[PDB]
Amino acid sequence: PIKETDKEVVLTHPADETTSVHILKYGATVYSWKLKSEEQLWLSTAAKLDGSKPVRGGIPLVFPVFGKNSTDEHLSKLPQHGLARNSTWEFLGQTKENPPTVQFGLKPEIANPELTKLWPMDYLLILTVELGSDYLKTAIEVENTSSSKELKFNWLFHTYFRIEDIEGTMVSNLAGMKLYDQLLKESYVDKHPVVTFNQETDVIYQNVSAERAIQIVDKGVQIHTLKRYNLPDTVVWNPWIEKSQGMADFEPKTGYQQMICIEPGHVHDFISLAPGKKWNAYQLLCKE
């Protein structure tokens, strides 16, 4: 079933109503995904869900810029991670009952007014969210609705996976891939057979195709599987102790122990879309 309220849309799977996803209209932000009653995503206990600021947890949507830009006249004007997660999207309706599937839209006319004034480029975004019995798919289409100007942008899904204990967690299937390390400010090949975590981690892997599934492992069990289409980059992030302590909406302060962000996107460079052209991609979460 599909249920809309003033603030959000909630999908529940017809075959098992304890499998669900909650999507806040603000940012079209998925903030809970339960698989047979078990929460898959991390959400801060101090996360704002009231539209006052972006949600600390779930799946914030990052567009038209990842991180902070300082090289482009217009993109440099925006706050870190852009304006999609700061805007209230329109619920466009359901498109399927089983699997329950719904769409959200964004265009400048309904976006964050302040940020739209700073980056007055034309676009249409359509997010499609599909809740399967054992997966969650979040798909995006971007259309350049300008008749004259190119549209230049990044796209990333800022997925917060929920885990039991960060220090017991490993991430597999990134061995031998090139990354840019946002902390060390250098690029190198990951020579470790799996990714492990014992300090702040902020890295951007490159050249991940539709064929490469990334697995999150704990006690020899695959607790999450991430697949994507048309998003060659993967940000892997955990703020660790000090950065968690510094984020006012991040609670509890030990909560970095229960999250890992594995974020598929197109962020290594900008996509440029000619007038009237479209780009699309998706993230597919499951538990293989």
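Numbering starts at 1 and follows the sequence shown.
- For the pair 125-133 and 188-196, the record assigns the higher mean C-alpha temperature factor to 188-196.
- Just going by the entry, 98-106 versus 147-155 on mean CA temperature factor gives the higher value to 147-155.
- When the Cα B-factors of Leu231, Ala28, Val221, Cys261 are read from the PDB record, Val221 comes out highest.
- Per the PDB entry, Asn112 shows the highest C-alpha temperature factor of the residues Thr138, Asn112, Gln215, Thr201.
- When the modelled residues of the chain are ordered by their C-alpha B factor, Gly67 lands in the middle third.
- When all modelled residues of the chain are sorted by CA temperature factor, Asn280 is found within the lowest third.
- For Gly58, the recorded CA B-factor ranks within the lowest third of the chain. Only modelled residues enter the ranking.
- In this PDB entry, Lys117 carries a Cα temperature factor that places it within the highest third of its chain's modelled residues.
- Ranked against the other modelled residues of its chain, the C-alpha B-factor of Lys178 as given in the entry falls in the middle third.
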